[PDB]
Structure formats: structure tokens, C-alpha cells
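Reckoned from all heavy atoms, side chains included, excluding hydrogens, waters and symmetry mates. Sequence lines set the chain letters: A, B, ... in the order given, protein chains first and strands last, and positions in each chain run from 1.
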Amino acid sequence: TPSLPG
Amino acid sequence: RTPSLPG
Amino acid sequence: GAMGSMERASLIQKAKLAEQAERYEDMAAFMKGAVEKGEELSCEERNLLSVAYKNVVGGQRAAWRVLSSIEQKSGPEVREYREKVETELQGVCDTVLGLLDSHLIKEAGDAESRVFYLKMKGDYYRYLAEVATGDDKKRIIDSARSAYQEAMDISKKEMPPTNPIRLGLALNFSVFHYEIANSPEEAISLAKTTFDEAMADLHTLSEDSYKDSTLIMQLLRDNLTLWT
Amino acid sequence: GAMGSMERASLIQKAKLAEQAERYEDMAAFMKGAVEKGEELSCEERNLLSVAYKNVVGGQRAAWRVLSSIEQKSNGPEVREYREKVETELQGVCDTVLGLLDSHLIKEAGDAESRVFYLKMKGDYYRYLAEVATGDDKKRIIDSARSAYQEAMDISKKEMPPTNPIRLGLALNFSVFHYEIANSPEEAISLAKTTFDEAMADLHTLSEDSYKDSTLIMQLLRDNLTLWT
Ligand SMILES: *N1CCC[C@@H]1[C@H](c1ccccc1)c1cccc(OC)c1
Ligand SMILES: *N1CCC[C@@H]1[C@H](c1ccccc1)c1cccc(OC)c1
Ligand SMILES: [Cl-]
Ligand SMILES: [Cl-]
Ligand code: NA
Ligand code: NA
Ligand code: NA
Ligand code: NA
Ligand code: NA
């Protein structure tokens, strides 16, 4: 699952 | 610059 | 520290040059030196610190995942090299966590910055947990949860539910629950509650703020769809 | 050194893993350790060595160009200091490669393929030093690059066919040297043209796969010719 991109 | 061999 | 003899303002200037040159290890080293001067960071400086280390650790994580995939498909060489990258990644995470504990979190002068740093602490323990095993992994997971939970407590008291830092914290904490702590119920509950409480206030926001908040709400939604 | 206790074959295996992970500094360090075992490199291993250091120095060169441009536009000490830091690291990598070539890899003995490959590489790494050098020191570095390229050219013309990809890549880089470093664009253009034309005439001797290998480098020569003329 992806996390915050920045 | 002019490109050189890419490898 | 190798940066101890350089002026703080020079370190910040060189961090920005390193970013322009895509020299992220240099950028991180310059920002570490700036943090170690002992003064608080501005919002811009906080972001420089986060960008620098995210780029460094992100490259290490990607390499670790490549090697781990080769290792699982499979002499000792793949394991050895995976362990080498793993040790370097752990070193970078330990460095970041050390800056946060000594003493960014305790010196943060406002709620936004304290939440920013406690979220970062949760994130870097989370990156450690991705590669940890056994009892060490269990301790790391508890450390990540405690940092994220303290950030949550502050954000609920001090920030509006649409605030992008609060939303991004909830996003990353919910990822922690699902991917690390094997707690999908907690991940879903957190993402859902965050989504609904932000939605209630979208009508009060400016155009730019509405875009900021719905962007992160959509990241929460993407994860809810995967998890449901 | 840190690789002295590792088996040669394990170093090569780990270089290949480092390449898959895009960890080019590690890849270069593993290949350096393999070279230091004192055995000749195979064709595949020569290419691993070259790819590894090309990517390391390539990142440094790109960063140096960014910082040099900022420094030139600005003309405190910070920009110069940081450009100098990157420059020194770049020079250190070039010195490492040149040291491996001179201490371990360049030999009077040798098959033409390897001798040309390593002499071309020596020319290339002196050329990278020349990109950041100034004044009289630049002149000596330029002549070192020229001498290495010229020796590689002489061997390649005697011992290799005009379509050989190593020979073609050497001519491409030597012509870039003439154009970009040595202030000799007419020589650059003449070399690219004769090299292209002499390869064209011999393509009929090649298999489908060798034809693709040779024509891809010929296409690079033509791209530079059309840029320059
Ligand atoms: N993520 C956490 C702090 C840095 C980075 C944020 C961010 C970027 C993109 C989406 C979400 C957060 C950030 C990076 C670069 C610059 C800024 O402000 C200019 C913010
Ligand atoms: N360039 C000089 C030696 C390594 C590399 C070459 C190459 C790649 C792409 C275009 C031209 C040359 C190379 C790398 C990896 C494998 C091979 O097989 C010949 C060649
Ligand atoms: Cl290793
Ligand atoms: Cl510097
Ligand atoms: Na000072
Ligand atoms: Na093996
Ligand atoms: Na040994
Ligand atoms: Na021959
Ligand atoms: Na043209």
C-alpha cells in the first residue's frame, strides 16, 4: 500500500 | 556537449 | 560531525544546491549538519530535511526490495548483499530518528512542527520494521505506533480535520496498521474516520485548500479500495 | 582492501546484483575488487566494469555541470566550495579508474579487443578530467587522452574489422574528444565520416545480430555528424 508521496 | 557512447 | 565547522546558513544554502544537482546524500548530510546546530527549523527547512532523507531512504528501500525479490526466487551472495543494503538502510533510519529524538521533537515550537516530526518518527520506525525480524521487529512496531499515536493526539486537538499534515499523518498511520502491524480493522477505521471528518469541512475551504485536502483524501480512498 | 577476503566469483555475482538494484557505486567497488584479484577480465566482465564506473562518474559530471552553471551565473563562497567538493570527488573516481587501468588491465600482451577497450577507457577518463581542468594542467591531460585514444585507434585499424563495435565506439568517442576538448571540429567531422563510410561498406559481411550491434553505433556517429554539420 502506498504512503504519502512527499 | 555532443553525446558520447552511451555505454 | 563533519559539518560542525560550517555555518548554519551555508549548510542550508548547500542543501538547496545539492537538491538542484540531485545529490541527495549530500543534501541529507548538509541538513543533518544544520539540524545539529541546535536551532529550530522553519517550515521550508523541515521540508528540505524530509525531502533529502526520503530520497536517500527511498533509493535504499527500492534496492532492498529488488534484492529481496531475487532472494525469495532463489550461494550466500544474494543474502549477503541484501544484508549489506539492509544495514545501510538501518543506518540512515537510525540517523534520522536520532535527529528527531535529539532534539527536533522536544524543541518544536508549534503543533504543526511537532506533528510533522512525530509523523516522521513513525515513518522511519516503519521503514525499519519493513526489514526487521523477530523481537527487534516487535519493539520497532511498538515504537512506530507510539510516535504515530502521539502525533494523532496532537493533530486532533490542534489542527482542523482537513489540514494536509493531519491528513498525511492519518494516511501513513493507516498504512502502518495495514502493512506492518497486521491490523486491517484499525487501518480501515482510521482511514474512514479521517475521510469522513475531512469531507464535512470541504465546503469551508478555499479552492487551493480544497485541492490539497481532496488530493490526500483520494490517497486514503485508494487504500480503502485496496483494503476493501 | 574491503573486498580482499571475497571470492572473485562472488564479487562478479554481486556486481550483477548491484546493477539490477541500480547501485552503481557498489557495482564499481565489487568490480574493482574483482580486478584486484589479478586475473584478466572476460568480455562480459570488462563491460560490467565499464558500466559501473560510467554511471558513477556520469552522476558526478551531471552534478558538476549544474553547479558550474550556477557558479558562472553568480559571477559568499558556498557555490564554489560545493562545486569544488563535487569536482574533487569526480577527479578521485577518474584517478581510481586510471589507476586500475595502468596497474592491472593495460598490457602490451593482450588480444586486440581487450587492448583497444582499455586504451579507449583511458582516453575517456582523461577526457573527463579534461572537462574540469584549467590552464596548463588541462594541456597535459588533453595530451594524455589523445595519446591513449591514438594508440587504441592504431591497434583497432590493424587488428579489427571496420564494423567492430568496440572500434566504432572508440572512433565515436575520439571524434567527440576532437570536437569538444581539443578544439578540432574538422578532425572530429572527418573521423566520424570516414568511420561511418568504412563501416557502411562492410555491413554486407555481417549476420543479422552483428549488423544490429554495428549499425546502432553507426547511427550514433551519424547523429553527431548531422549535429555538427
Ligand atoms: N512530504 C512530507 C514533507 C516533504 C514532502 C512534502 C509533500 C510533497 C508532495 C505531497 C505531499 C507532501 C513536500 C515536498 C517538497 C516540497 C514541499 O513544499 C514545497 C512539501
Ligand atoms: N559501453 C562501453 C563498455 C560498456 C558499455 C557497452 C555499450 C552499451 C550501450 C551502447 C554501447 C556500448 C556495453 C554494456 C553492457 C554490455 C555490452 O555488450 C557488448 C556492452
Ligand atoms: Cl556484500
Ligand atoms: Cl562543500
Ligand atoms: Na555561526
Ligand atoms: Na555463488
Ligand atoms: Na585475499
Ligand atoms: Na581481428
Ligand atoms: Na545538420
Side-chain angles (χ1 to χ4, degrees), chain A, chain C residues 49-51 53-72 79 82-83 85-101 104-105 114-156 164-195 216-228, chain D residues 21:
Chain A
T1 310
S3 59
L4 189 72
Chain C
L49 177 71
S50 179
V51 164
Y53 278 107
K54 180 48 176 288
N55 274 91
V56 174
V57 82
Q60 292 172 321
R61 291 167 77 205
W64 187 91
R65 291 175 184 183
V66 165
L67 297 170
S68 189
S69 180
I70 295 165
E71 185 178 10
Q72 293 154 205
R79 179 182 51 74
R82 188 263 301 158
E83 285 173 351
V85 172
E86 185 173 301
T87 300
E88 296 187 11
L89 181 163
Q90 291 165 329
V92 175
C93 291
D94 285 347
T95 291
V96 173
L97 290 164
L99 297 173
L100 298 167
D101 285 330
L104 286 170
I105 291 166
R114 199 168 196 90
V115 171
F116 185 100
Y117 293 137
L118 282 164
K119 177 189 154 297
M120 262 193 103
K121 180 175 182 173
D123 294 331
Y124 282 82
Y125 277 115
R126 175 161 58 82
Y127 306 150
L128 287 175
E130 290 178 343
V131 308
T133 61
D135 296 333
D136 179 54
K137 185 179 187 187
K138 289 166 182 165
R139 290 185 289 268
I140 290 164
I141 288 175
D142 289 347
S143 292
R145 185 184 295 103
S146 294
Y148 281 136
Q149 187 59 55
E150 180 173 4
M152 287 293 304
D153 294 343
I154 295 163
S155 67
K156 289 207 239 62
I165 295 170
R166 173 166 169 185
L167 293 176
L169 163 63
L171 173 68
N172 280 10
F173 194 14
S174 69
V175 170
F176 165 82
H177 284 313
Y178 191 89
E179 291 290 340
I180 304 295
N182 198 27
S183 308
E185 299 89 353
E186 290 180 282
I188 292 162
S189 290
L190 175 56
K192 170 55 169 170
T193 292
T194 303
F195 184 92
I216 303 176
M217 286 171 71
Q218 186 60 49
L219 298 182
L220 291 165
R221 174 55 48 197
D222 292 340
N223 294 352
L224 281 167
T225 301
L226 295 169
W227 305 340
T228 69

Which heavy atom in [X] sits nearest to a heavy atom in [Y], and how many Å separate them?
| X | Y | answer |
| --- | --- | --- |
| C:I180 | C:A129 | CG2-CB, 3.7 Å |
| C:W64 | C:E130 | CH2-O, 3.8 Å |
| C:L219 | A:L4 | CD1-CD1, 4.3 Å |
| C:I105 | C:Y117 | CG1-CB, 3.7 Å |
| C:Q60 | C:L89 | OE1-CA, 3.4 Å |
| C:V175 | C:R126 | CG1-NH1, 4.3 Å |

Between C:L169 and C:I165, is a side-chain contact (heavy atoms from CB on, under 4.5 Å) present by the stated rule, with each step listed? CA-CA 6 Å; C:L169 163 63; C:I165 295 170; 5.6 Å; no
Establish, from distance only, whether the side-chain atoms of C:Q72 and C:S68 form a donor-acceptor pair under 3.5 Å. yes
Indicate whether the side chain of C:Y148 and that of C:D123 have a donor and an acceptor atom separated by less than 3.5 Å. yes
From [X] atom [atom1] to [Y] atom [atom2], the distance as rounded to the nearest 0.5 Å:
| X | Y | atom1 | atom2 | value |
| --- | --- | --- | --- | --- |
| C:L224 | C:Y178 | CG | OH | 10.5 Å |
| C:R65 | C:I70 | CZ | CD1 | 14.5 Å |
| C:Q149 | C:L118 | CD | CG | 11.0 Å |
| C:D94 | C:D101 | CG | CG | 10.5 Å |
| C:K119 | C:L100 | NZ | CG | 10.5 Å |
| C:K137 | C:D142 | NZ | CG | 12.0 Å |

Quick one: does C:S155's side chain have a donor or acceptor within less than 3.5 Å of a partner on C:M152's backbone? yes
Check whether C:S174 reaches the backbone of C:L171 with its side chain - one donor and one acceptor, N or O, closer than 3.5 Å. yes
Partners of C:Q90 by side-chain hydrogen bond (donor to acceptor under 3.5 Å, both in side chains), sequence neighbours excluded? none
C:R145 vs C:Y125, side-chain contact (heavy atoms from CB on, under 4.5 Å): CA-CA, chis, key distance, verdict: CA-CA 9 Å; C:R145 185 184 295 103; C:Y125 277 115; over 6 Å; no
Would you please test C:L104 and C:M120 for side-chain contact (heavy atoms from CB on, under 4.5 Å) and show each step? CA-CA 11 Å; C:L104 286 170; C:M120 262 193 103; over 6 Å; no
Any salt bridge (charged side-chain N to carboxylate O under 4.0 Å, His left out) involving residues 170-193 of chain C? Give me the pairs, sequence neighbours left out, ordered by first then second residue. C:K192-C:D196
Can you pull out every salt bridge (charged side-chain N to carboxylate O under 4.0 Å, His left out) where at least one residue sits in residues 219-228 of chain C? Sequence neighbours excluded, please. none
Would C:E88 and C:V92 count as a side-chain contact (heavy atoms from CB on, under 4.5 Å) here? Give the steps. CA-CA 6 Å; C:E88 296 187 11; C:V92 175; 5.9 Å; no
Tell me whether the count of non-hydrogen atoms from other residues, nucleotides or ligands lying under 6.0 Å of NZ in C:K156 goes above 12. yes
